[PDB]
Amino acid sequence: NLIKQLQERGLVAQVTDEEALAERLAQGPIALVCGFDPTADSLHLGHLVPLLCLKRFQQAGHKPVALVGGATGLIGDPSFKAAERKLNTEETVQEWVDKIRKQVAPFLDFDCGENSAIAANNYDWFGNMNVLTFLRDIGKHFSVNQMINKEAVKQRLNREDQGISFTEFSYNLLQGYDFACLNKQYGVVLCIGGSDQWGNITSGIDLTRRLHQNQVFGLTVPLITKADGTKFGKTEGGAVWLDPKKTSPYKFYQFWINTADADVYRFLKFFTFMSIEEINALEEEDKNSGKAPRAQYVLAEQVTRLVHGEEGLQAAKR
């Protein structure tokens, strides 16, 4: 049902147990979660993929849990990161943390009773957790041997040149715990994220099992890349922040207009709520049209509106 729908949009990289998950979603609504760490004072175009995905689940009747890593942001996810990351002050992360919560809010119905959205922060629990407690209760459930051969950190370990701190090496446990913790108190049985996050989610489904014996689920969406395999979110001036202050609505819309013909269609699937059908209709319509492609105009309008409301769209054009 739903999974298959997302597959049609090409928004599904890997699924831990497609069937069981598919069957579970069927039984009735569930609660899922997606996490975002405070690396900046705003999220960017990349983050909008998973985020928009929660909303997609919500509309299918599920309850989204949007979690900001108030704690993991003090450590740093080393997942597929080639080089160690630098630690940001406790005060700066806080500030950033707050800008994100608020920034994420507008993207989800936080009131419709049943499946109203939930904002969550792991600082809530890791923030005042004794180190010994953490090592004992969670640590005893992780094997360094296998922690070592996880794709998300494998390479940094095997390299007489590269390396990784004990700190970021532990990152895995905290996100892993977050799952079990969000499951214990909210019934969250699904965690979604971009491909890179897989390993982190994996550890999460495992801890949740050995701590509460609950079959939990994981589902990742591919990391969206420009067709010409360049970057994304990044341009000549930097990341396409969602924060109007960092990227004007006018500039934001101009961005989508400039999409390549080999992307615009996929991008309409990843960023808009257009019936996979009409998107194909639009493609076909554009192909046989001796006219210019209108897909970009669509894409630009839809996203600029999702991210900035009619106000921002009105601005985008003046």
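Don't overthink the numbering: it's just position in the shown sequence, from 1.
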property: Between the two ranges 194-202 and 131-139, the one averaging a larger CA B factor in the entry; result: 194-202
property: Higher-B stretch (mean Cα B-factor, as the entry records it), 274-282 or 45-53; result: 274-282
property: Member of 178, 77, 124, 228 with the greatest C-alpha B factor (per the PDB record); result: 228
property: Candidate set 60, 26, 67, 31 [ranked by C-alpha B-factor, highest]; result: 26
property: Cα B factor band for residue 248 (lowest, middle or highest third within the chain); result: middle
property: Residue 296 CA temperature factor, ranked by third within the chain; result: middle
property: Within-chain third of residue 302 by Cα B-factor, per the entry; result: middle
property: Residue 265 by Cα B-factor - lowest, middle or highest third of the modelled chain; result: highest
property: Residue 110 CA temperature factor, ranked by third within the chain; result: middle
